[PDB]
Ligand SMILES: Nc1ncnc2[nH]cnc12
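Shown below, as structure tokens, is a lone chain in the form solved without the named molecule; questions about how it binds or moves come after it.
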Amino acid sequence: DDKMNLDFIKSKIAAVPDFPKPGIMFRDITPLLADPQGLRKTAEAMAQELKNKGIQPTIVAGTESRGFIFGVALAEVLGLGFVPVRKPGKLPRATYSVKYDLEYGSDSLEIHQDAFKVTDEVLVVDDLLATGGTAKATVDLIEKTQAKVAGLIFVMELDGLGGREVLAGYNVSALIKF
């Protein structure tokens, strides 16, 4: 019933060649989302993995936009609140900001300054761990509020692309390796 759930989740993630550009494999979550059980099982497998490692966050954060999807799903299952981590110009009130390099060049992520109390133990959720650059940025953002990162969890991890190594010092979990 733990292994069976993973194989279920795997089976709803379609591999799509050559998106968004030629020479890259894309992992399409949409059949997982559309299945009445897909987000529930995903969120429950994540909660099971956090329980197994003794990670007890007080609040969840997710990046725009698939991080919103898995983050809200898991936050409901854990009974925690959710904080969106956003692209510049979307948050209305005072922000912190972190600039980071990635594939297409560079960009920024933002949170509200009051997203987190000094007391919070923040779980980052995202769909996919690759180079770990967005996750690092997200970590740097959180720490500007004096909250601490309780850990990071991903639906998927791409083998040996360096992400876990960049996030060394933070607890990192992924349900599926590709």
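For clarity, a rigid core is taken as the largest C-alpha set superposing within 1.5 Å between two forms. When you see a residue number, it is the position in the sequence shown, counting from 1. Residues that one form lacks are left out of the comparison.
S.K.: Look over 142-150 and 37-45 in the entry and identify the one with the greater average Cα temperature factor.
M.R.: If you average the C-alpha B-factors of 142-150 and of 37-45, the larger mean comes out for 142-150.
S.K.: 125-133 versus 49-57: which one carries the higher mean Cα B factor per the record?
M.R.: According to the entry, 49-57 carries the higher average C-alpha B-factor.
S.K.: Where does residue 86 sit by CA temperature factor within its chain: lowest, middle or highest third?
M.R.: Its C-alpha B-factor belongs to the lowest third of this chain's values.
S.K.: Could you place residue 109 in the lowest, middle or highest third of its chain by Cα temperature factor, using the values in the record?
M.R.: CA B-factor rank for residue 109: middle third.
S.K.: Taking only the Cα B-factors deposited for this chain, tell me whether residue 78 sits in the lowest, middle or highest third.
M.R.: Answer is middle: the recorded C-alpha B-factor places it there.
S.K.: Could you tell me which third, lowest, middle or highest, the C-alpha B-factor of residue 115 occupies within its chain?
M.R.: According to the entry, residue 115 has a C-alpha B-factor in the chain's middle third.
S.K.: Tell me, lowest, middle or highest third: where does the Cα B factor of residue 15 rank within its chain?
M.R.: Answer is middle: the recorded C-alpha B-factor places it there.
This protein has a second form, the form solved in complex with the named molecule, left out of what is shown; the following refers to that one.
S.K.: Does residue 27 reach the named molecule in the bound PDB entry, with heavy atoms at most 4.5 Å apart?
M.R.: Because a heavy atom of residue 27 falls inside 4.5 Å of the named molecule in the bound PDB entry, the answer is yes.
S.K.: Although the named molecule is absent from this view, report whether residue 158 comes within 4.5 Å of it in the bound PDB entry, heavy atoms only.
M.R.: Heavy-atom contact with the named molecule at 4.5 Å: present for residue 158.
S.K.: Though only this chain appears here, would residue 128 touch the named molecule in the bound PDB entry if you measure heavy atom gaps against 4.5 Å?
M.R.: Because a heavy atom of residue 128 falls inside 4.5 Å of the named molecule in the bound PDB entry, the answer is yes.
S.K.: With the rigid core superposed, where do three or more consecutive residues all shift their C-alphas by 2 angstroms or more between the shown form and the other one?
M.R.: 21-23, 102-105 are the stretches that shift between the shown form and the other one.
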